[PDB]
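Protein chains: 2
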Amino acid sequence: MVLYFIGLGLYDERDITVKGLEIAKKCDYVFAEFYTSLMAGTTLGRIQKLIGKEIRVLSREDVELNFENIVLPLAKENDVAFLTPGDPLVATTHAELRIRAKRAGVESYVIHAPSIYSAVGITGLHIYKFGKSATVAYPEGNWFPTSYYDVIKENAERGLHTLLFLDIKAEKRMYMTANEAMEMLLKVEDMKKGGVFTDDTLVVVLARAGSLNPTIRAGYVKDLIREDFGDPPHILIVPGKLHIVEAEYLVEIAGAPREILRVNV
Amino acid sequence: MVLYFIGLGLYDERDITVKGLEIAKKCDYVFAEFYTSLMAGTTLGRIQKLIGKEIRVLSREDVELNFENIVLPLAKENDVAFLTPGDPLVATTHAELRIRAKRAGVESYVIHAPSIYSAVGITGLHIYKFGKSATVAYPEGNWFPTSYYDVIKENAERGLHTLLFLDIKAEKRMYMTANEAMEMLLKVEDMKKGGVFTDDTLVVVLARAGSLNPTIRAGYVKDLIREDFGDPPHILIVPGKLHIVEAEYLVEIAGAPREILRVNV
Ligand SMILES: Nc1ncnc2c1ncn2[C@@H]1O[C@H](CSCC[C@H](N)C(=O)O)[C@@H](O)[C@H]1O
Ligand code: NA
């Protein structure tokens with residue numbers, strides 16, 4: 003009679019919470035999706051081994067089109083878990099799944115876990131100063147998306163930080179690097195010419211948040227665009243004007259150049 | 003000899019990640035603070051029991067003034083952990099402590115945990131649509147806070163949702179409720195009359211996120227301002243322009259007035 007939306011956290015199998023693991027262990031059926039994001043520091047086998055339950059992986063279509071014909075039916079006479087990377091209900095379309103549950107006369111509960119939305123706090127940037135968030139999407143055909151560029155503009159204009167998710171191709175396991183994102187932004191800048199993202203723009207790159215050894219780097223685009231940030235996934239952040247405390251952190255912890263203490267504060 | 007910043011999560015001791023528990027369990031000394039937020043579903047005893055260590059709780063003064071005199075020394079020749087509610091770096095100034103650690107020659111690591119900042123996803127509001135965040139502080143004498151009012155105005159003009167962190171004075175066991183924040187806001191409206199926060203303003207309240215049965219409510223100030231949302235902690239959210247699916251969720255899950263299903267654009 004119960005559906006549990008359980009988050010898996012950031013990087014590996016140990017990023018699930020104690021509450022999440024215990025609840026998952028008591029469930030008769032355990033489902034999961036890995037198309038919204040991937041746990042790059044682990045594998046399906048390691049997650050299954052930690053939970054002690056076989057995990058049935060669902061595709062994007064399984065969820066968005068058939069959640070009610072695949073997951074909810076079993077939840078009527080059993081305790082069912084639906085696992086997702088990060089924090090449940092963060093992916094835009096997931097909240098709607100709770101409505102589907104209600105409509106089916108199924109109780110659902112949410113077991114939280116760390117999300118990149120909060121983990122980016124490790125960059126030293128104040129959370130309250132983050133503005134609207136966006137995704138740098140992979141272009142294609144006659145479609146050249148530039149929305150994320152206006153998001154940066156509108157945020158930075160108000161002294162706000164911009165969190166940029168990088169596009170991902172789940173199955174093809176193709177991750178967009180911070181370098182690729184920077185390249186695209188430089189190209190959109192060439193068109194819009196709004197003076198929003200240039201070789202002199204300060205940016206922060208966070209890679210493998212959740213691991214014990216994340217890569218946190220900060221610097222001007224002209225110096226970081228070709229820097230190697232390690233294995234994915236990467237997250238790009240274009241900070242608004244910095245509070246001196248944020249800057250000192252970026253310098254001492256993320257290796258930022260002293261220059262930002264005078265230029266970006 | 004290293005220092006670990008470990009988050010404990012939203013509501014109780016089980017909201018800590020597995021990673022954090024295993025690491026915390028093997029630390030020589032364990033410190034913690036419970037002044038940046040309220041973990042309404044646990045006790046120091048339960049935490050100590052779960053970790054298998056004795057925890058020396060610190061005050062804001064001990065941390066802000068004597069962190070390097072109290073915690074860092076032990077870290078130079080031992081594995082030390084510093085626990086905090088939620089995520090250690092979110093909406094706190096704990097990030098600056100890492101700089102102190104470094105300047106003291108002490109390496110530090112961060113273990114994230116579910117944070118209220120990402121937990122807002124349970125309100126059905128698209129997490130990416132949130133703008134600048136704000137904090138509703140307690141009035142001090144003749145000094146009355148209003149900044150949080152401008153934040154809502156700026157976000158609303160852009161159609162972005164606003165997250166309002168509510169104040170806390172753990173030493174006085176004072177935890178600002180949503181109701182109280184709602185009234186402080188009406189007062190500001192009567193002073194600025196910007197048309198930002200009135201009795202017809204739609205709002206959302208999340209109380210005790212992290213528990214199995216948190217209080218999620220949405221509606222007009224006039225009908226919610228005197229409603230009981232249960233024990234703290236609470237957060238107040240003033241949505242911007244809603245999407246049809248956000249409205250459907252607020253109505254079906256947060257008991258909002260069925261008339262908000264009618265978006266104005
Ligand atoms: N479980 C919870 N439910 C509702 N509000 C919460 C909450 N936990 C924290 N808050 C809100 O956030 C304030 C603490 S601010 C510190 C936040 C913390 N580092 C985190 O990561 O969540 C509280 O005063 C309250 O307004
Ligand atoms: Na945000």
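Residue numbers (my numbering), protein chains in the order written: chain A, 3 to 267; chain B, 3 to 267. Backbone N, C-alpha and C define an ideal beta-carbon position, used for all residues, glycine too.
*asked:* Assuming residue 84 (chain A) is part of the beta strand (DSSP E), what are its boundary residues?
replied: 81-86
*Counting Cβ pairs closer than 8 Å, one from the stretch 133-140 of chain B and one from the stretch 40-55 of chain B, do we hit at least three?*
no
*Could you tell me the distance, in whole angstroms, from the CA atom of residue 216 (chain A) to the CA atom of residue 238 (chain A)?*
14 Å
_Residues near residue 252 (chain A) by beta carbon distance below 6 Å, same chain, minus five either side_ = 126, 220 and 258
*Which residue comes first and which comes last in the alpha helix (DSSP H) that contains residue 228 (chain A)?*
First-last for residue 228 (chain A): undefined, no H or E at that position.
_Against chain A, does residue 247 (chain B) count as a neighbour if the rule is that its beta carbon must be under 8 Å from one of theirs?_
yes
*Could you tell me whether the Cβ atoms of residue 134 (chain A) and residue 123 (chain B) are closer together than 8 Å?*
no
_So for residue 1 (chain B), helix, strand or coil by DSSP?_
Shown here, chain B extends from 3 to 267; a query on residue 1 (chain B) therefore has no answer.
_Continuous beta strand (DSSP E) stretch holding residue 58 (chain A): start and end_ = 58-60
*Please check if any C-beta of chain A sits within less than 8 Å of the C-beta of residue 116 (chain B).*
yes
*Would you report the Cα separation of residue 147 (chain B) and residue 179 (chain B), rounded to the nearest angstrom?*
16 Å
*Looking at residue 135 (chain A) and ligand 2, is the gap between the Cβ and the nearest heavy atom below 7 Å?*
yes
*Classify residue 52 (chain B) as helix, strand or coil using the three-state DSSP reduction.*
helix
*Got a sec: which bits of the stretch 31-53 of chain A sit with their beta carbon under 8 Å from any beta carbon on chain B, in order along the chain?*
52
_If you measure from each CB to the nearest heavy atom of ligand 2 and keep those under 5 Å, what residues do you get, in chain order?_
A:132 and B:132
*asked:* At 3 residues or longer, what runs of the beta strand (DSSP E) sit wholly inside the stretch 56-143 of chain A?
replied: 58-60, 81-86, 109-113 and 136-138
*Roughly how many angstroms separate the alpha carbons of residue 8 (chain B) and residue 110 (chain B), rounded to a whole number?*
11 Å
_Interface residues of chain B facing residue 89 (chain A) [CB-CB closer than 8 Å]_ = 116, 120, 121 and 123
_Closest to residue 6 (chain A) by C-alpha separation, out of A:57, A:112 and A:12, would be which residue?_
A:112
*Would you call the CB atoms of residue 13 (chain A) and residue 212 (chain A) closer than 8 Å?*
yes
*For the candidate residues A:160, A:164 and A:74, whose alpha-carbon lies nearest to that of residue 1 (chain A)?*
Given a span of 3 to 267 for chain A in the structure shown, any question on residue 1 (chain A) remains unanswerable.
_Taking only three categories from DSSP, how would you classify residue 264 (chain B)?_
coil
*CB of residue 236 (chain B) to nearest heavy atom of ligand 1: below 7 Å?*
yes
*Start and end of the beta strand (DSSP E) containing residue 22 (chain B)?*
No beta strand (DSSP E) contains residue 22 (chain B), which is instead part of the alpha helix (DSSP H) from 20-27.
*Comparing the CB of residue 84 (chain B) with every heavy atom of ligand 1, is any distance shorter than 7 Å?*
no
*With 16 other CB atoms within 10 Å as the buried threshold, where does residue 207 (chain B) fall?*
buried
*Span of the alpha helix (DSSP H), counted from its first residue to its last, around residue 13 (chain A)*: Segment: none, residue 13 (chain A) is in no alpha helix (DSSP H) and carries neither H nor E.
_Cβ separation of residue 150 (chain A) and residue 166 (chain A), assumed to be a contact under 8 Å, to the nearest whole Å_ = 6 Å
*Quick one: what's residue 176 (chain B) bridged to in DSSP?*
B:171
*asked:* With three or more beta-carbon pairs closer than 8 Å as the criterion, would you say the stretch 19-34 of chain B touches the stretch 77-84 of chain B?
replied: yes
*So does the stretch 185-199 of chain A actually touch the stretch 93-105 of chain B, counting three or more Cβ pairs closer than 8 Å?*
no
*Buried versus exposed call for residue 16 (chain A) [16 or more other C-beta atoms within 10 Å across all chains shown]*: buried
_Within chain A, the residues that residue 101 (chain B) reaches when beta carbons sit closer than 8 Å_ = 250, 251, 254 and 255
*Listed by chain order, chain A residues near residue 19 (chain B) by CB distance under 8 Å*: 11, 16, 17, 18, 19, 20, 115 and 116
*For the beta strand (DSSP E) containing residue 246 (chain A), list its first residue and its last residue.*
Where residue 246 (chain A) is concerned, there is no enclosing beta strand (DSSP E), although the alpha helix (DSSP H) it sits in stretches over 246-254.
_For residue 153 (chain A), three-class secondary structure by DSSP_ = helix
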